[PDB]
Amino acid sequence: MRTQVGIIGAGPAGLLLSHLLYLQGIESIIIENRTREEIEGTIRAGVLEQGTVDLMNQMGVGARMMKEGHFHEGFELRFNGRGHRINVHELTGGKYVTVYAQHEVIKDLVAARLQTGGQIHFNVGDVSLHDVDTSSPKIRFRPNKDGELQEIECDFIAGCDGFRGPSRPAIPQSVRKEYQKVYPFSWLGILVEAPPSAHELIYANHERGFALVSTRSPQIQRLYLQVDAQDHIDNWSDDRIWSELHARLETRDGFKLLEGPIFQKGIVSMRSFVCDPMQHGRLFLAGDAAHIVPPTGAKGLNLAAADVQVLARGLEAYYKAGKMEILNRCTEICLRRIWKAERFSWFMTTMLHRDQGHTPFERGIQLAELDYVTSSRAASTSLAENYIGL
Amino acid sequence: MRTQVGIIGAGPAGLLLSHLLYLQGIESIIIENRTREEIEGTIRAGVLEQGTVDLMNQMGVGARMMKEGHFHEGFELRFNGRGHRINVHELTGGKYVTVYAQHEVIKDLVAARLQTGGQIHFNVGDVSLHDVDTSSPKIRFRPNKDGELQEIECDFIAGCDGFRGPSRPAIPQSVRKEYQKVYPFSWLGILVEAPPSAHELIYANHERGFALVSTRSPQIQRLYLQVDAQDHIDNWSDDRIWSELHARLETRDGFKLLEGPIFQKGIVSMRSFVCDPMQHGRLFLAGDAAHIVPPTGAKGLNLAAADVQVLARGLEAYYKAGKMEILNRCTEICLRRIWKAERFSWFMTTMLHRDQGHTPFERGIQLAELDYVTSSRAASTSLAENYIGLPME
Ligand SMILES: Cc1cc2nc3c(=O)[nH]c(=O)nc-3n(C[C@H](O)[C@H](O)[C@H](O)COP(=O)(O)OP(=O)(O)OC[C@H]3O[C@@H](n4cnc5c(N)ncnc54)[C@H](O)[C@@H]3O)c2cc1C
Ligand SMILES: Cc1cc2nc3c(=O)[nH]c(=O)nc-3n(C[C@H](O)[C@H](O)[C@H](O)COP(=O)(O)OP(=O)(O)OC[C@H]3O[C@@H](n4cnc5c(N)ncnc54)[C@H](O)[C@@H]3O)c2cc1C
């Protein structure tokens, strides 16, 4: 099957890229190794930057996001037993913190793609990349895991297949440089059936560790506890999880944490990762296939959306005028934004998490930063602007 | 000899405290173990916070600071071969980065104190503190090192005697908690007979290490190079110093580093240190006797001035109304400001210095932070407000 751009992965990066290309008359074929049900059924976060909201609306796929999304005026930084509100709406001159679950974004983009004649193969298996260093790259795969071996002949391959996809290894080790940080802690995330304890997100730093109170709906809440990076979910009974959440979220004015059944519990590791370059011949990486951020800053899906806007612009210049300049500089342009988001995500992570390797001096300056950011208008404005994207 | 407040040390802390107390009719006696010539020859601080400039003017001792000090509208962060201006004057609503050397501040305060009947003993020896946990603390010392043993009977002792003075050990180890950070680098500081290369301070991050271009006068410049903490001045010839300064300060638009005789060179170590509490009975610490910051943020002299403003207010409430509240909370009030300045000094230090222990990712985030603080109005404003001093309590 011949196309212009072969896309590996139907996450936010692959789906947004395929639709941006469609809006400019450029054809694509997406392959996805999981089922449509699986990709549409995640409990992944939905904190969207203003740029991602603008992009969804610009693309004509933002109607359900605007109708069903939750628009908050701010969020809270809790530390030393006190909550401190960051009024994003006041500090940014009218913007909101937007939440619209990643699975909802995926559902909207899959539906828009299928409705506009888009080609998406779900449940593919045995995926491989070939001749990426030529003008005729190829993608090979088997439909429905064990179908006959099929080939996509294309001009470009977009590697939108996440951290463990096959596209990043297709950039030879001798050409790439990787940057990484392993945080000395992980998150224990829980999906709970209970009303929300507060109207806005709560990012809490406590002597015992970090806690994050988020939401999905009026009935379903999403909460996280910082845990030691080696910890297993079998070390954390429901009783221990709720006791630790109550301890870390405690306030002098008496906060009431609403508890319920934990439908899901799991440990997720926290990492920073940057691959440079994000291209090799006709292969171009975007999103988690090229870089990872710790989720404290909620930048991952937003960076995937920024990467594909640059890639689509380069592809458009190639098909319209035969120009290669923007494609040649795709890595250069994307990395400028990536490094700033990596810095912010690292800043939020280190400011809010307990580090047991920290000296008492380091813990003192961590608490001093928390005091400063919540008592300075410029520091709070900078946090607000970084949080909703810039 | 009886007095109200016995002060150990004639640095910025002790001198500012003695004069603030004089302005409120409170007597003091200062003892200083170095000569007046030695303390007036001090080479270190150059930059004053806006609050310290306001304090010197408020106290009636700011005339020479205004006439001879240098008032800059901003400073530069140089990285990736390009200079980025932080317009402090614009971002702070009218404040300046003030360059007026620590030794000039000391000269002005010693003169003002002596002119107003102040008692200062220079070149003292054999100094000791006694009965600090009583209502009658005492300071013992020998004038001119070989004098007869003298005693100062006072109501309070102010420990303004610097990092290695005798006052901090007088707070028992069982009552205090110390916080510290060790840095792998030091500063090689030089004094050069040359004109200024630029109108404003230059803080440069380079692959080879940090460099700072500061000034003293139109004819004397003060420059610093980051060096390994175990380096000695004999490892650094004048040729090696200039070659390293030219390399680290290089810009794509071609910066001209103005050279001349390097008449002073020395290596100075750096650290972060906080002692909590800063008081024990009638003994109260202030300045470097209580806390140290690495010099990248130009906070140390400024923090000593902030500490003594709080201490003077407490002492004033005690003598005027017999109230102990402000004195009881002196450590609490001072520490809130100290911790924020400790964070900022650590932030400036770690963003600008080369650390060979950094992973490639940590080097990337360091350069991203330099890009961020120079590309956001709110981030540059936050940087500027911290640089010229956060609001006083
Ligand atoms: C706890 C947590 C919370 C987060 N919260 C937020 C947040 O609020 N805001 C935010 O912006 N980001 C957030 N993120 C990050 C965000 O979810 C990711 O950065 C984002 O999913 C990356 O999108 P992507 O399209 O690059 O990759 P992915 O979402 O991983 O999509 C890649 C797709 O490729 C498919 N694929 C894999 N291998 C193959 C193959 N062989 N063949 C075909 N297809 C294949 C996968 O099945 C997958 O569907 C969070 C992450 C975590 C862990
Ligand atoms: C390279 C460098 C650059 C700096 N630049 C700046 C800057 O630009 N801005 C800034 O704000 N700060 C700066 N600082 C910090 C600043 O110099 C100090 O924080 C400041 O000197 C502290 O003043 P102090 O009065 O607390 O102590 P000190 O200045 O140390 O004075 C204490 C005094 O006590 C005396 N003393 C000691 N023992 C005894 C004893 N037994 N009896 C009697 N007297 C005794 C000493 O002789 C001394 O005169 C810098 C420091 C360095 C190293």
# chains A, B, ... in the order shown; residues from 1 in each chain; ligands from 1
>>> residues_around(residues="segment 12-22 of chain B", least_positions_apart="2", cutoff="6 Å", atoms="only C-alpha atoms", output="list in words")
residues 9, 10, 24, 25, 26, 160, 287, 304, 305 and 308 of chain B
>>> write_last_selection(atoms="N, CA, C and O atoms", output="mmCIF file, in the first residue's frame")
data_model
loop_
_atom_site.group_PDB
_atom_site.id
_atom_site.type_symbol
_atom_site.label_atom_id
_atom_site.label_comp_id
_atom_site.auth_asym_id
_atom_site.auth_seq_id
_atom_site.Cartn_x
_atom_site.Cartn_y
_atom_site.Cartn_z
ATOM 1 N N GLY B 9 33.029 42.514 67.104
ATOM 2 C CA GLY B 9 33.254 42.583 65.670
ATOM 3 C C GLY B 9 32.871 43.901 65.035
ATOM 4 O O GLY B 9 31.787 44.417 65.286
ATOM 5 N N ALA B 10 33.781 44.464 64.241
ATOM 6 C CA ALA B 10 33.555 45.728 63.562
ATOM 7 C C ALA B 10 33.475 45.545 62.057
ATOM 8 O O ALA B 10 34.112 46.258 61.279
ATOM 9 N N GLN B 24 18.891 55.525 68.365
ATOM 10 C CA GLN B 24 17.783 55.350 69.297
ATOM 11 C C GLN B 24 18.174 55.566 70.778
ATOM 12 O O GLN B 24 17.398 55.227 71.677
ATOM 13 N N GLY B 25 19.343 56.128 71.029
ATOM 14 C CA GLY B 25 19.800 56.408 72.383
ATOM 15 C C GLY B 25 20.239 55.208 73.198
ATOM 16 O O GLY B 25 20.235 55.264 74.435
ATOM 17 N N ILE B 26 20.672 54.137 72.522
ATOM 18 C CA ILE B 26 21.151 52.924 73.176
ATOM 19 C C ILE B 26 22.664 52.843 73.031
ATOM 20 O O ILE B 26 23.204 52.882 71.915
ATOM 21 N N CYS B 160 28.830 39.700 66.318
ATOM 22 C CA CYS B 160 28.997 40.159 64.929
ATOM 23 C C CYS B 160 30.420 39.899 64.483
ATOM 24 O O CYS B 160 31.028 40.726 63.806
ATOM 25 N N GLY B 287 24.874 38.257 60.953
ATOM 26 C CA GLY B 287 25.811 38.185 59.836
ATOM 27 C C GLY B 287 26.506 36.844 59.699
ATOM 28 O O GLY B 287 25.929 35.780 60.002
ATOM 29 N N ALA B 304 23.723 40.526 56.610
ATOM 30 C CA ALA B 304 24.213 41.042 57.897
ATOM 31 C C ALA B 304 23.450 42.349 58.244
ATOM 32 O O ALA B 304 22.985 42.507 59.364
ATOM 33 N N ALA B 305 23.247 43.225 57.251
ATOM 34 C CA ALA B 305 22.491 44.477 57.443
ATOM 35 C C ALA B 305 21.032 44.206 57.791
ATOM 36 O O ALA B 305 20.478 44.873 58.680
ATOM 37 N N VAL B 308 20.813 42.823 61.540
ATOM 38 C CA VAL B 308 20.995 43.826 62.602
ATOM 39 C C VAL B 308 19.832 44.818 62.666
ATOM 40 O O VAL B 308 19.580 45.345 63.747
#
>>> select_by_dssp(residues="segment 90-220 of chain A", states="alpha helix (DSSP H)", output="PyMOL selection string")
chain A and resi 90-91+102-115
>>> write_last_selection(atoms="C-alpha atoms", output="mmCIF file, in the first residue's frame")
data_model
loop_
_atom_site.group_PDB
_atom_site.id
_atom_site.type_symbol
_atom_site.label_atom_id
_atom_site.label_comp_id
_atom_site.auth_asym_id
_atom_site.auth_seq_id
_atom_site.Cartn_x
_atom_site.Cartn_y
_atom_site.Cartn_z
ATOM 1 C CA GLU A 90 -5.803 36.143 37.615
ATOM 2 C CA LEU A 91 -2.025 35.843 36.941
ATOM 3 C CA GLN A 102 -6.031 11.902 27.091
ATOM 4 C CA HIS A 103 -8.377 8.961 26.255
ATOM 5 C CA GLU A 104 -11.062 11.490 25.256
ATOM 6 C CA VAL A 105 -8.576 13.310 23.001
ATOM 7 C CA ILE A 106 -7.678 9.946 21.416
ATOM 8 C CA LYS A 107 -11.378 9.071 20.885
ATOM 9 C CA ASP A 108 -12.025 12.473 19.224
ATOM 10 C CA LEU A 109 -9.012 12.203 16.908
ATOM 11 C CA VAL A 110 -9.701 8.549 15.912
ATOM 12 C CA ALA A 111 -13.344 9.512 15.097
ATOM 13 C CA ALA A 112 -12.298 12.615 13.110
ATOM 14 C CA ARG A 113 -9.672 10.602 11.194
ATOM 15 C CA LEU A 114 -12.086 7.758 10.321
ATOM 16 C CA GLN A 115 -14.787 10.228 9.279
#
>>> closest_atom_pairs(of="chain A", to="chain B", cutoff="9 Å", atoms="only C-alpha atoms", output="JSON lines")
{"residue": "A:178", "atom": "CA", "partner": "B:361", "partner_atom": "CA", "distance": 8.4}
{"residue": "A:179", "atom": "CA", "partner": "B:361", "partner_atom": "CA", "distance": 4.8}
{"residue": "A:180", "atom": "CA", "partner": "B:361", "partner_atom": "CA", "distance": 5.6}
{"residue": "A:181", "atom": "CA", "partner": "B:361", "partner_atom": "CA", "distance": 6.7}
{"residue": "A:272", "atom": "CA", "partner": "B:361", "partner_atom": "CA", "distance": 8.3}
{"residue": "A:273", "atom": "CA", "partner": "B:361", "partner_atom": "CA", "distance": 8.1}
{"residue": "A:274", "atom": "CA", "partner": "B:361", "partner_atom": "CA", "distance": 8.1}
{"residue": "A:336", "atom": "CA", "partner": "B:368", "partner_atom": "CA", "distance": 8.7}
{"residue": "A:339", "atom": "CA", "partner": "B:368", "partner_atom": "CA", "distance": 6.1}
{"residue": "A:340", "atom": "CA", "partner": "B:368", "partner_atom": "CA", "distance": 5.8}
{"residue": "A:342", "atom": "CA", "partner": "B:365", "partner_atom": "CA", "distance": 7.2}
{"residue": "A:343", "atom": "CA", "partner": "B:365", "partner_atom": "CA", "distance": 5.3}
{"residue": "A:344", "atom": "CA", "partner": "B:369", "partner_atom": "CA", "distance": 8.8}
{"residue": "A:346", "atom": "CA", "partner": "B:365", "partner_atom": "CA", "distance": 8.3}
{"residue": "A:359", "atom": "CA", "partner": "B:179", "partner_atom": "CA", "distance": 8.0}
{"residue": "A:360", "atom": "CA", "partner": "B:179", "partner_atom": "CA", "distance": 6.0}
{"residue": "A:361", "atom": "CA", "partner": "B:179", "partner_atom": "CA", "distance": 4.8}
{"residue": "A:362", "atom": "CA", "partner": "B:181", "partner_atom": "CA", "distance": 8.1}
{"residue": "A:364", "atom": "CA", "partner": "B:339", "partner_atom": "CA", "distance": 7.0}
{"residue": "A:365", "atom": "CA", "partner": "B:343", "partner_atom": "CA", "distance": 4.9}
{"residue": "A:366", "atom": "CA", "partner": "B:343", "partner_atom": "CA", "distance": 7.8}
{"residue": "A:367", "atom": "CA", "partner": "B:339", "partner_atom": "CA", "distance": 8.6}
{"residue": "A:368", "atom": "CA", "partner": "B:340", "partner_atom": "CA", "distance": 5.3}
{"residue": "A:369", "atom": "CA", "partner": "B:343", "partner_atom": "CA", "distance": 6.8}
{"residue": "A:371", "atom": "CA", "partner": "B:340", "partner_atom": "CA", "distance": 8.2}
{"residue": "A:372", "atom": "CA", "partner": "B:340", "partner_atom": "CA", "distance": 7.0}
{"residue": "A:376", "atom": "CA", "partner": "B:382", "partner_atom": "CA", "distance": 7.8}
{"residue": "A:377", "atom": "CA", "partner": "B:382", "partner_atom": "CA", "distance": 8.4}
{"residue": "A:378", "atom": "CA", "partner": "B:378", "partner_atom": "CA", "distance": 4.9}
{"residue": "A:379", "atom": "CA", "partner": "B:382", "partner_atom": "CA", "distance": 5.5}
{"residue": "A:380", "atom": "CA", "partner": "B:378", "partner_atom": "CA", "distance": 8.6}
{"residue": "A:381", "atom": "CA", "partner": "B:378", "partner_atom": "CA", "distance": 6.3}
{"residue": "A:382", "atom": "CA", "partner": "B:378", "partner_atom": "CA", "distance": 5.2}
{"residue": "A:383", "atom": "CA", "partner": "B:379", "partner_atom": "CA", "distance": 8.9}
{"residue": "A:385", "atom": "CA", "partner": "B:378", "partner_atom": "CA", "distance": 8.8}
>>> write_last_selection(atoms="N, CA and C atoms", output="mmCIF file, in the first residue's frame")
data_model
loop_
_atom_site.group_PDB
_atom_site.id
_atom_site.type_symbol
_atom_site.label_atom_id
_atom_site.label_comp_id
_atom_site.auth_asym_id
_atom_site.auth_seq_id
_atom_site.Cartn_x
_atom_site.Cartn_y
_atom_site.Cartn_z
ATOM 1 N N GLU A 178 21.883 10.411 23.897
ATOM 2 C CA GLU A 178 20.767 10.365 24.819
ATOM 3 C C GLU A 178 21.138 11.020 26.130
ATOM 4 N N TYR A 179 20.163 11.687 26.712
ATOM 5 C CA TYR A 179 20.277 12.419 27.969
ATOM 6 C C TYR A 179 19.197 11.846 28.852
ATOM 7 N N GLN A 180 19.509 11.553 30.107
ATOM 8 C CA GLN A 180 18.503 10.978 30.993
ATOM 9 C C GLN A 180 18.761 11.279 32.450
ATOM 10 N N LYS A 181 17.691 11.212 33.242
ATOM 11 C CA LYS A 181 17.745 11.350 34.677
ATOM 12 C C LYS A 181 16.808 10.320 35.251
ATOM 13 N N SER A 272 13.425 11.426 33.051
ATOM 14 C CA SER A 272 13.657 12.474 32.084
ATOM 15 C C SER A 272 14.493 11.807 30.977
ATOM 16 N N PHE A 273 14.158 12.063 29.724
ATOM 17 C CA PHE A 273 14.886 11.465 28.609
ATOM 18 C C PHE A 273 14.805 12.368 27.411
ATOM 19 N N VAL A 274 15.926 12.572 26.713
ATOM 20 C CA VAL A 274 15.951 13.368 25.490
ATOM 21 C C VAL A 274 16.856 12.628 24.504
ATOM 22 N N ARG A 336 14.401 22.990 21.119
ATOM 23 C CA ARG A 336 14.328 24.249 21.872
ATOM 24 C C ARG A 336 13.144 24.229 22.830
ATOM 25 N N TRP A 339 13.644 21.137 25.580
ATOM 26 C CA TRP A 339 14.541 21.436 26.696
ATOM 27 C C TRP A 339 13.899 22.368 27.723
ATOM 28 N N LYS A 340 13.091 23.344 27.294
ATOM 29 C CA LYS A 340 12.402 24.237 28.240
ATOM 30 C C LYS A 340 11.355 23.456 29.058
ATOM 31 N N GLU A 342 11.520 20.179 29.630
ATOM 32 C CA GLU A 342 12.319 19.266 30.465
ATOM 33 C C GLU A 342 12.760 20.028 31.744
ATOM 34 N N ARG A 343 13.169 21.279 31.574
ATOM 35 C CA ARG A 343 13.603 22.113 32.695
ATOM 36 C C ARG A 343 12.432 22.343 33.662
ATOM 37 N N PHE A 344 11.268 22.730 33.134
ATOM 38 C CA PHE A 344 10.105 22.975 33.986
ATOM 39 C C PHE A 344 9.661 21.711 34.691
ATOM 40 N N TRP A 346 11.459 19.080 35.432
ATOM 41 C CA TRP A 346 12.473 18.791 36.449
ATOM 42 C C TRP A 346 12.287 19.750 37.668
ATOM 43 N N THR A 359 20.365 16.654 51.878
ATOM 44 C CA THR A 359 20.894 17.052 53.179
ATOM 45 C C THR A 359 19.819 17.957 53.853
ATOM 46 N N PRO A 360 19.924 18.217 55.167
ATOM 47 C CA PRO A 360 19.004 19.194 55.797
ATOM 48 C C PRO A 360 19.085 20.587 55.124
ATOM 49 N N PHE A 361 20.266 20.997 54.608
ATOM 50 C CA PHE A 361 20.364 22.281 53.873
ATOM 51 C C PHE A 361 19.503 22.244 52.597
ATOM 52 N N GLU A 362 19.590 21.142 51.835
ATOM 53 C CA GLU A 362 18.808 21.016 50.597
ATOM 54 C C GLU A 362 17.315 21.025 50.883
ATOM 55 N N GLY A 364 15.941 22.565 53.409
ATOM 56 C CA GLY A 364 15.662 23.937 53.795
ATOM 57 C C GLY A 364 15.441 24.831 52.593
ATOM 58 N N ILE A 365 16.320 24.693 51.574
ATOM 59 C CA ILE A 365 16.179 25.563 50.409
ATOM 60 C C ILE A 365 14.971 25.125 49.550
ATOM 61 N N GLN A 366 14.580 23.845 49.588
ATOM 62 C CA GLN A 366 13.376 23.360 48.908
ATOM 63 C C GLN A 366 12.139 24.046 49.529
ATOM 64 N N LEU A 367 12.068 24.086 50.869
ATOM 65 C CA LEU A 367 10.963 24.754 51.547
ATOM 66 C C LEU A 367 11.006 26.280 51.312
ATOM 67 N N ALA A 368 12.214 26.861 51.195
ATOM 68 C CA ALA A 368 12.360 28.283 50.905
ATOM 69 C C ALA A 368 11.839 28.598 49.498
ATOM 70 N N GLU A 369 12.057 27.686 48.534
ATOM 71 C CA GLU A 369 11.548 27.904 47.176
ATOM 72 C C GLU A 369 10.027 27.859 47.140
ATOM 73 N N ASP A 371 8.032 28.593 49.646
ATOM 74 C CA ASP A 371 7.614 29.847 50.263
ATOM 75 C C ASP A 371 7.715 31.006 49.243
ATOM 76 N N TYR A 372 8.846 31.117 48.542
ATOM 77 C CA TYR A 372 9.065 32.170 47.556
ATOM 78 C C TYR A 372 8.054 32.163 46.398
ATOM 79 N N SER A 376 5.507 35.600 45.959
ATOM 80 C CA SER A 376 5.972 36.548 44.971
ATOM 81 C C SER A 376 5.040 36.518 43.778
ATOM 82 N N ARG A 377 4.588 37.689 43.360
ATOM 83 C CA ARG A 377 3.711 37.779 42.202
ATOM 84 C C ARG A 377 4.430 37.345 40.933
ATOM 85 N N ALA A 378 5.669 37.822 40.712
ATOM 86 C CA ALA A 378 6.431 37.420 39.526
ATOM 87 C C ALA A 378 6.728 35.923 39.493
ATOM 88 N N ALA A 379 7.133 35.339 40.633
ATOM 89 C CA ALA A 379 7.419 33.901 40.682
ATOM 90 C C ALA A 379 6.136 33.089 40.443
ATOM 91 N N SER A 380 5.001 33.495 41.074
ATOM 92 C CA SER A 380 3.737 32.788 40.847
ATOM 93 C C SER A 380 3.265 32.944 39.394
ATOM 94 N N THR A 381 3.494 34.117 38.787
ATOM 95 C CA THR A 381 3.098 34.365 37.390
ATOM 96 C C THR A 381 3.933 33.473 36.481
ATOM 97 N N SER A 382 5.236 33.363 36.751
ATOM 98 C CA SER A 382 6.117 32.510 35.958
ATOM 99 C C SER A 382 5.663 31.044 36.060
ATOM 100 N N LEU A 383 5.294 30.580 37.261
ATOM 101 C CA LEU A 383 4.807 29.217 37.458
ATOM 102 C C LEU A 383 3.490 29.018 36.667
ATOM 103 N N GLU A 385 2.313 30.695 33.988
ATOM 104 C CA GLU A 385 2.581 30.731 32.553
ATOM 105 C C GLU A 385 3.249 29.459 32.081
#
>>> closest_residue(among="B:140, B:282, B:82, B:252", to="ligand 2", atoms="only C-alpha atoms and all ligand atoms")
B:140
>>> closest_atom_pairs(of="chain A", to="ligand 1", cutoff="6 Å", atoms="only C-alpha atoms and all ligand atoms", output="Markdown table")
| residue | atom | partner | partner_atom_place_in_ligand_line | distance |
| --- | --- | --- | --- | --- |
| A:8 | CA | ligand 1 | 43 (C) | 5.0 |
| A:9 | CA | ligand 1 | 34 (O) | 3.4 |
| A:10 | CA | ligand 1 | 49 (O) | 4.8 |
| A:11 | CA | ligand 1 | 31 (O) | 3.5 |
| A:12 | CA | ligand 1 | 25 (O) | 4.0 |
| A:13 | CA | ligand 1 | 25 (O) | 3.8 |
| A:14 | CA | ligand 1 | 25 (O) | 5.8 |
| A:31 | CA | ligand 1 | 43 (C) | 5.1 |
| A:32 | CA | ligand 1 | 44 (N) | 3.6 |
| A:33 | CA | ligand 1 | 43 (C) | 4.2 |
| A:34 | CA | ligand 1 | 47 (O) | 5.0 |
| A:39 | CA | ligand 1 | 49 (O) | 5.7 |
| A:44 | CA | ligand 1 | 3 (C) | 5.8 |
| A:45 | CA | ligand 1 | 8 (O) | 4.1 |
| A:46 | CA | ligand 1 | 8 (O) | 4.4 |
| A:47 | CA | ligand 1 | 8 (O) | 3.7 |
| A:48 | CA | ligand 1 | 9 (N) | 5.8 |
| A:127 | CA | ligand 1 | 41 (N) | 5.0 |
| A:160 | CA | ligand 1 | 26 (O) | 5.5 |
| A:161 | CA | ligand 1 | 34 (O) | 3.3 |
| A:162 | CA | ligand 1 | 30 (O) | 3.8 |
| A:165 | CA | ligand 1 | 38 (N) | 4.1 |
| A:166 | CA | ligand 1 | 41 (N) | 5.7 |
| A:287 | CA | ligand 1 | 26 (O) | 3.3 |
| A:288 | CA | ligand 1 | 26 (O) | 3.9 |
| A:289 | CA | ligand 1 | 26 (O) | 5.9 |
| A:295 | CA | ligand 1 | 4 (C) | 4.9 |
| A:298 | CA | ligand 1 | 9 (N) | 3.7 |
| A:299 | CA | ligand 1 | 11 (O) | 4.0 |
| A:300 | CA | ligand 1 | 19 (O) | 3.1 |
| A:301 | CA | ligand 1 | 11 (O) | 3.5 |
| A:302 | CA | ligand 1 | 11 (O) | 4.3 |
| A:304 | CA | ligand 1 | 26 (O) | 5.1 |
>>> residues_near_ligand(ligand="ligand 2", cutoff="8 Å", atoms="only C-alpha atoms and all ligand atoms", output="VMD selection string")
chain B and resid 8 to 15 31 to 34 39 44 to 49 99 101 to 102 124 to 128 160 to 166 187 189 268 to 270 286 to 290 292 to 304
>>> select_by_dssp(residues="segment 161-245 of chain A", states="strand (DSSP E or B)", output="PyMOL selection string")
chain A and resi 177-193+202-206+209-215+220-227
>>> residues_around(residues="segment 66-68 of chain B", least_positions_apart="2", cutoff="10 Å", atoms="only C-alpha atoms", output="PyMOL selection string")
chain B and resi 53+56-57+61-64+70-71+98-100+104+216-217
>>> atom_distance(atom1="atom CA of residue 4 of chain B", atom2="atom CA of residue 29 of chain B")
8.3 Å
>>> closest_residue(among="B:223, B:231, B:51, B:176", to="residue 392 of chain B", atoms="only C-alpha atoms")
B:51
>>> decode(residues="segment 140-151 of chain A", atoms="N, CA and C atoms", output="PDB file, in the first residue's frame")
ATOM      1  N   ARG A 140       6.833  -2.530   7.503  1.00  0.00           N
ATOM      2  CA  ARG A 140       6.237  -3.861   7.342  1.00  0.00           C
ATOM      3  C   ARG A 140       5.494  -4.242   8.614  1.00  0.00           C
ATOM      4  N   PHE A 141       4.363  -4.927   8.476  1.00  0.00           N
ATOM      5  CA  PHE A 141       3.531  -5.285   9.626  1.00  0.00           C
ATOM      6  C   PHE A 141       2.534  -6.395   9.249  1.00  0.00           C
ATOM      7  N   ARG A 142       1.911  -7.025  10.246  1.00  0.00           N
ATOM      8  CA  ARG A 142       0.887  -8.032  10.007  1.00  0.00           C
ATOM      9  C   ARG A 142      -0.406  -7.526  10.609  1.00  0.00           C
ATOM     10  N   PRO A 143      -1.476  -7.439   9.806  1.00  0.00           N
ATOM     11  CA  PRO A 143      -2.758  -6.991  10.364  1.00  0.00           C
ATOM     12  C   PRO A 143      -3.322  -8.039  11.318  1.00  0.00           C
ATOM     13  N   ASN A 144      -3.951  -7.591  12.403  1.00  0.00           N
ATOM     14  CA  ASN A 144      -4.558  -8.449  13.419  1.00  0.00           C
ATOM     15  C   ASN A 144      -3.597  -9.469  14.016  1.00  0.00           C
ATOM     16  N   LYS A 145      -2.347  -9.035  14.255  1.00  0.00           N
ATOM     17  CA  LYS A 145      -1.270  -9.799  14.873  1.00  0.00           C
ATOM     18  C   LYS A 145      -0.689 -10.910  14.014  1.00  0.00           C
ATOM     19  N   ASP A 146      -1.537 -11.710  13.345  1.00  0.00           N
ATOM     20  CA  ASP A 146      -1.042 -12.848  12.575  1.00  0.00           C
ATOM     21  C   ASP A 146      -1.489 -12.898  11.112  1.00  0.00           C
ATOM     22  N   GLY A 147      -1.843 -11.750  10.561  1.00  0.00           N
ATOM     23  CA  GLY A 147      -2.211 -11.665   9.159  1.00  0.00           C
ATOM     24  C   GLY A 147      -1.001 -11.782   8.256  1.00  0.00           C
ATOM     25  N   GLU A 148      -1.244 -11.795   6.946  1.00  0.00           N
ATOM     26  CA  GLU A 148      -0.161 -11.875   5.975  1.00  0.00           C
ATOM     27  C   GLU A 148       0.704 -10.613   6.054  1.00  0.00           C
ATOM     28  N   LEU A 149       2.024 -10.762   5.889  1.00  0.00           N
ATOM     29  CA  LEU A 149       2.942  -9.633   5.949  1.00  0.00           C
ATOM     30  C   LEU A 149       2.615  -8.589   4.891  1.00  0.00           C
ATOM     31  N   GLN A 150       2.354  -7.366   5.341  1.00  0.00           N
ATOM     32  CA  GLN A 150       2.007  -6.242   4.487  1.00  0.00           C
ATOM     33  C   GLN A 150       3.086  -5.173   4.528  1.00  0.00           C
ATOM     34  N   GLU A 151       3.150  -4.356   3.477  1.00  0.00           N
ATOM     35  CA  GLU A 151       4.139  -3.301   3.393  1.00  0.00           C
ATOM     36  C   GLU A 151       3.521  -1.965   3.015  1.00  0.00           C
TER      37      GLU A 151
END
